[PDB]
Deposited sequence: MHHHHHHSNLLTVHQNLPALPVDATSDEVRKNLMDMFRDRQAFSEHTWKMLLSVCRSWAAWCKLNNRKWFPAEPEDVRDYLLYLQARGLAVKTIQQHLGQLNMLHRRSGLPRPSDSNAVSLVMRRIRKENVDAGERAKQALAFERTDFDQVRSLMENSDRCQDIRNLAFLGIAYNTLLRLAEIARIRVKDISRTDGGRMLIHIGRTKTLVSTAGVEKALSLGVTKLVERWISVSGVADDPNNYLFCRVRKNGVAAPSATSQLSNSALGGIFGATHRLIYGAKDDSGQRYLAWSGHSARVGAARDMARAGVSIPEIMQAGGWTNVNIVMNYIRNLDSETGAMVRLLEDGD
């Protein structure tokens, strides 16, 4: 009823933890937005009315947001409802159709979802060629990060979760990094990302100069202050937002300061080395089956996307 609904919602909040803190962050961000819009037009924000949700989506469209943004607003609203034991706004032709229409109209006007600026072996080689020589702590760290990012393809959050006790050895002396939870998998088995001899060195230097190994329950990566003194912690990771500045900083280092356009992907970012490595692998002739393991994907499309725009023909009509 309304009792049942307050119970499904409240059962949700109880095991809040069954979902990513980001799901919550986005659930509440979308609700603010919606509730905001509803207040202005004197509309009931919950349960939501298809016709009202439809005006909202068009309003987002008109605000010039990305089809993916709009779909996120719709998905959170749909989650709120479904998880409530109620009908999903998408369950109404007003909402189903306006979404298709918005997408269709936006792409039939251009719009394509972006993907981070690639970070390939060449970029790694040059950056390393340049920082290798630094005795600074921040650099030793940053170079090890970029090394692990490109070598393993792990995502910011996976990397920031690596604690000292997750590192091992192959025999040949290559560092093995064991991975627990990922965006695609939360299991006890898990993975073991192995590092090349070169990258191992890089990582070994960081461990040394930093003293993180001091507590095996310490996170591999930590802050390093203006004074160059690291700041190990077994309780607080280096912030996702920091692991990403490393990418932007490094890029600033080589290519200088970025546009004033305000666009996205003017410099490398957290996904830069995933895109870049995936690719490098294709060129090398790595097997899709293999390119996919590298990235931990269980499917073929992202992988496909990261590869796109040879000349077999011209080379065929000049006999």
What gaps appear when the modelled C-alpha atoms are mapped onto the deposited sequence? 1-24, 334-337, 348-349
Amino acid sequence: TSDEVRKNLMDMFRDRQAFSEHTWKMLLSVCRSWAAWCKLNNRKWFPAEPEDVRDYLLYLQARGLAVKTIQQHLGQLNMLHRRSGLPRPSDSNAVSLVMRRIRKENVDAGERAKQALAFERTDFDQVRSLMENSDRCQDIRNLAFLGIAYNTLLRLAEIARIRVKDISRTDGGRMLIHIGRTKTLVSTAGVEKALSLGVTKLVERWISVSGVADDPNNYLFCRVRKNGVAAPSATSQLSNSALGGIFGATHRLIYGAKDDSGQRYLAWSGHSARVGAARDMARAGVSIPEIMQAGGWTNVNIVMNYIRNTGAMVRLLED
From here on, numbers count along this sequence of modelled residues.
Higher average CA B factor in the deposited record is what I'm after, so tell me if that's 79-87 or 148-156. 79-87
Between 8-16 and 294-302, which has the larger average Cα B-factor in the PDB entry? 294-302
Looking only at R223, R121, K183, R141, the Cα with the top B-factor belongs to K183
Going by the CA temperature factor in the entry, name the top one among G190, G228, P232, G244. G190
Pull the Cα B-factor of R264 out of the PDB entry and bin it into the chain's lowest, middle or highest third. highest
Ordered by C-alpha B-factor within the chain, which third holds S287? Give me lowest, middle or highest, please. highest
What third of the chain, by the recorded C-alpha B-factor, contains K25? lowest
Would you mind ranking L176 by its C-alpha B-factor against the rest of the chain and naming the third, lowest, middle or highest? highest
By the entry's values, the third containing the CA B factor of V164 is the middle
